[PDB]
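Participant: return a 3D structure for these sequence lines:
(6 chains)
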Amino acid sequence: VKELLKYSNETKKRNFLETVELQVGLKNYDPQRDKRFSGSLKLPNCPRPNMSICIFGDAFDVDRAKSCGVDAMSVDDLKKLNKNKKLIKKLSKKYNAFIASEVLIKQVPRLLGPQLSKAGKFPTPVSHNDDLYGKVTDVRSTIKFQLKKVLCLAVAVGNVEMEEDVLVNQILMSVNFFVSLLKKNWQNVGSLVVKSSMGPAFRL
Amino acid sequence: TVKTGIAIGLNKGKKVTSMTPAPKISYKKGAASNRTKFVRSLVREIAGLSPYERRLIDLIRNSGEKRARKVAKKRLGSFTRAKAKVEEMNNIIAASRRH
Amino acid sequence: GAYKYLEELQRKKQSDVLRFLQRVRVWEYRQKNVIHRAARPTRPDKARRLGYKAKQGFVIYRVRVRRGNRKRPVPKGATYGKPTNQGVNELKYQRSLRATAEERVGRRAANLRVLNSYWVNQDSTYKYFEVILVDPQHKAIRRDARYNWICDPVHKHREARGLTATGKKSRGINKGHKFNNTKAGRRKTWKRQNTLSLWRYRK
RNA sequence: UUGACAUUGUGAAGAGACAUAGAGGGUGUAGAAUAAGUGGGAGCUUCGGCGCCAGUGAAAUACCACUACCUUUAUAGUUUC
RNA sequence: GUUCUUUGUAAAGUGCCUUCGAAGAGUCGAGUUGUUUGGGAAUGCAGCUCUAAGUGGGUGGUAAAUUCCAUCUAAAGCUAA
RNA sequence: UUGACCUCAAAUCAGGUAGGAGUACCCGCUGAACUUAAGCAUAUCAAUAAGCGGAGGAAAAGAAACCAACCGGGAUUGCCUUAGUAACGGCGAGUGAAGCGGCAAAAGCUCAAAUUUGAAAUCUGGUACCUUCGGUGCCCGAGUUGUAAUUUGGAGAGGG
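Facilitator: Numbering: from 1, shown residues only, chains lettered A, B, ... in the order given. Sure, structure below:
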């Protein structure tokens, strides 16, 4: 189980030889086809910090600009509409709201090809800002399948504790197992190869 | 399960005090036992598979279980027998090739 | 016991091991006679569940029967009737190969009162079975509160009638609403509802 | 009579998928350059080679999970004719 | 009814607890061929091909997926009226 | 060389048993046509006659891999009811059941599957006598490729 090997727990804290903070991936095995319907395309909601410092571009106005300097990243306003229009893309993702959908008419010319903007297919506009910040920096895992039957994502860090990250890969063993369509194969939880970025892989 | 005490209802019947005695020996005829479990796997390593069971495991490991149930149903009988058959061969693929 | 092992072993005939042993013995019976006496039973596990005791009066027999169907014995194909009634090669039998083989070995050894039998081999041209018969002549079997019923004329040629397992499965002496037409005495029961009975009084 | 399957097996060559680990090459113009190409990346590392805050395009490289498109590229076992 | 041999370091019956606890395979079923039948997506029965399992399998009179309840125990046999 | 084991033999050896008859009533397989449909091809007749094989005094069957959906019944059969109904069917002519209720009659069970293994304790035949449908001494063989004892699901056994 998850209590034995590392997985996202204990064992791999004697295997890392780096000084920096890196995020590990979790490889699963789920047989699917080449069509456009079979797959687990959701957003596995994690509880505690993943410490992945993916600096944002939060632009809020009035009393939403003040509740942006505790758990979130960059604190912006509605005056910063001509700020990132040029060529600067120093943000992994952004986050608008109720007072930024009217100001969502001039932040569309330079975010089309990749699409890191605030649309209506991947949750960006919310009036509850200090609630969805513990879901983007804590990481609510971004998913989108390609062509074959395998899939990787993101959990948390390994320079923390053991029973505090055992609830991070807990609501992931039941998130990529549910959205995983009824057009799949034998076992939706099988081959487990957990490689970080320096050391070996442990299996369950 | 208790009744409605009336003619019909979700419980069509009479409200009578149930006695329920000790059940028969003719209920556990699906019981395996250490006598059978033992010999069953012993003679299975001696007899093994067959030609249809060989390309049956290479059908799963090569394609899938939806396709393997689609073969053994025309190879055998019911979809109920197909479910049971694949459960068996998969404990031999995982517990032999890896363990 | 070897019986528990030999029993489940003869359930996985789809294995390369049994099909080699088979090939050897099937050729063996094929190099013999159509009807001959087998010294020792090949399946004492199946033989013992039928009622087998090793000693005097226990005759084991081997039958080399042909397969296919029953071609009507009409010369040239000569019928005379209706097309629905005019079948020739789509003709079967109301009896199984097993049952029928026992009947031919009984026309041979009539002093014996055959028990039953089981399948042993088969290729395509022939089918093979291992029969068991008992002789109510020996005082060893004549007495004994296990076979007393055999020595009586009520058990003289059970296979000739179908008082045997295979014949009672074919004759359909089973319990059920599916075997209602032939619960016990198909013809007697048939003739039973086909009977117009009236009492001294017409109700 | 003709096809099908049972009967009905042991091999050899020749084409041939597959389970598997290594390897390998593809956007021609720009960016001295090898782009369907995603996420982590300021370092992995006794070097520093590239980097990179920088820059150009339809698309940024060692740190590459291979999650990949792909290989009639070499095989440890089976396979269709 | 009267009478002779002690059946016997024989066996049967019950009460409490523990471990267990084996129940018939070229059979079941299925497809199809034909036949019988009150049997209707196939009533039984025989052929040939395929070819079972054990919290299992048979049946619940409409085939089927799916999650279930009922209900018993085939593939051995014997018995008067 | 001597002695077994396996399998297949020989005799006017020993001791046995089979065929054929009958066939009113019962158990199988094979199997019609006529008739009717105002014709006649499915159908009906009929799962009948004849034919081939097997018994007894009854015979076969039978203690549920049942019938039900009840406050469930509870081996076989027969009769009354069901009901001439459900269903079947050129949906035509026609054919064609069952559980139940009532009642007569009433019977139960045993073999494989298990280490007797501190003991093949089991049984045939010869032969001696006898208390002669049978008992018992002695000798062969059966037979350990499994005979008694025990136990068959309703249980039940190894143990205490």
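
Participant: all the strands of chain C, residue numbers only.
Facilitator: Counting by DSSP state E, the segments of chain C that form strands are C:35-38, C:58-66, C:113-122, C:126-134.

Participant: what residues does chain A have near chain B?
Facilitator: A:31, A:185-186 (CB under 8 Å from any CB of the partner chain). The way it works is simple: take the backbone N, C-alpha and C, and place the C-beta from them, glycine included.

Participant: who in chain B is up against RNA strand D?
Facilitator: By the criterion of CB under 7 Å from any atom of the strand, the positions of chain B lying close to RNA strand D are B:54-55, B:58, B:61-62.

Participant: show only the entries of those found in helices.
Facilitator: Taking DSSP state H as the definition of helices, the residues of chain B next to RNA strand D contribute B:54-55, B:58.

Participant: quick one: the helices in chain B?
Facilitator: Shown for chain B, the helices assigned by DSSP H span residues B:34-42, B:44-47, B:51-60, B:65-75, B:79-97.

Participant: on that earlier part again, among the residues of chain B next to RNA strand D, which one lies nearest to residue A:176?
Facilitator: Distances from residue A:176 to these, taken as CB to CB, are shortest for residue B:61 (22.7 Å).

Participant: which ones are touching the nearest residue to that closest one once chain neighbours are set aside?
Facilitator: Among residues not flanking residue B:61 along the chain, residue B:93 sits closest, at 6.5 Å (CB to CB, 6 or more residues apart in numbering or on different chains). Contacts for residue B:93 (CB atoms under 8 Å, 6 or more residues apart in numbering or on different chains) come out as B:57, B:60-61.

Participant: measure how buried residue B:41 is and give me the count.
Facilitator: 10 (other CB atoms under 10 Å in any protein chain shown).

Participant: and the residue of chain B nearest RNA strand E?
Facilitator: Going by CB to the nearest atom of the strand, RNA strand E is nearest to residue B:30 of chain B, at 2.2 Å.

Participant: roughly how far does that residue sit from residue B:36?
Facilitator: 11 Å (CB to CB, to the nearest Å).

Participant: residue B:43 now?
Facilitator: 11 Å.

Participant: which one of these two has more residues nearby?
Facilitator: residue B:43 (19 against 12).

Participant: now do the same contact list for residue 85.
Facilitator: Using chain A here. A:106-107, A:109-110.

Participant: switch to chain C, that's the one I care about
Facilitator: Residue C:85 sits next to residue C:79 when contact means CB under 8 Å, 6+ apart.

Participant: again, but for residue C:127
Facilitator: C:65-67, C:97, C:101, C:119, C:121.

Participant: for those residues, which single residue is the most surrounded?
Facilitator: residue C:101 (23 neighbours).

Participant: count residues in the vicinity of the closest residue to chain C within chain A, would you?
Facilitator: The nearest approach of chain A to chain C comes at residue A:186, 24.1 Å away (CB to the nearest CB). Counted by other CB under 10 Å, the residues lying close to residue A:186 total 16.

Participant: cool, the one 10 residues further on as well?
Facilitator: As a burial measure, the neighbour count of residue A:196 was computed by other CB under 10 Å and equals 17.

Participant: and the closest residue to it other than its chain neighbours, helix, strand or coil?
Facilitator: Of all residues not flanking residue A:196 in the chain, residue A:24 sits nearest, at 4.0 Å (CB to CB, 6+ apart). Secondary structure, DSSP: H, G, I helix; E, B strand; the rest coil: residue A:24 is coil.

Participant: wait, residue A:24 sits on residue A:199?
Facilitator: No - the pair residue A:24 and residue A:199 fails to qualify as a contact (CB atoms under 8 Å) at a distance of 9.4 Å.

Participant: who touches residue C:108 in this structure?
Facilitator: By CB under 8 Å, 6+ apart, the contact list for residue C:108 reads residue C:35.

Participant: switch the cut-off to 10 Å
Facilitator: C:35, C:61 (CB atoms under 10 Å, 6 or more residues apart in numbering or on different chains).

Participant: same thing with the one 10 residues further on?
Facilitator: Taking CB under 10 Å, 6+ apart as the contact definition, residue C:118 lies against C:10, C:41-43, C:46-47, C:49-50, C:98, C:129-132, C:166.

Participant: hmm, back to that, specify which member of the contacts of residue A:85 is nearest to residue B:26.
Facilitator: Comparing the contacts of residue A:85 against residue B:26 with CB to CB places residue A:107 closest, at 75.6 Å.

Participant: the closest one in helix, strand or coil?
Facilitator: coil.

Participant: I figured it hits residue A:96, correct?
Facilitator: Yes - using CB atoms under 10 Å, residue A:107 is in contact with residue A:96, at 7.9 Å.

Participant: give me the residue at the spatial middle of chain B.
Facilitator: With distances taken as CA atoms, centre = their mean, the residue of chain B nearest its centroid is residue B:84 (4.6 Å).

Participant: any common contacting residues for residue A:24 and residue A:199?
Facilitator: Counting by CB under 10 Å, 6+ apart, the residues touching both residue A:24 and residue A:199 are A:6, A:12, A:16, A:158.

Participant: just curious, which of those is nearest to RNA strand F?
Facilitator: residue A:6 (47.1 Å).

Participant: and the residue lying closest to that closest one once chain neighbours are set aside, how many neighbours does it have?
Facilitator: Leaving aside its chain neighbours, residue A:6 sits nearest to residue A:12 (3.8 Å; criterion: CB to CB, 6+ apart). Neighbour count of residue A:12, defined by other CB under 10 Å: 20.

Participant: residue A:162 is in contact with residue A:12, correct?
Facilitator: No - applying CB under 10 Å as the test, residue A:12 and residue A:162 come out as separate, 11.3 Å apart.

Participant: mind listing what the nearest residue to residue C:34 once chain neighbours are set aside touches?
Facilitator: Among residues not flanking residue C:34 along the chain, residue C:64 sits closest, at 4.9 Å (CB to CB, 6+ apart). Residue C:64 makes contact with C:26, C:29-30, C:32-36, C:101, C:121, C:125-129 under the criterion CB under 10 Å, 6+ apart.

Participant: alright, calling it a day.
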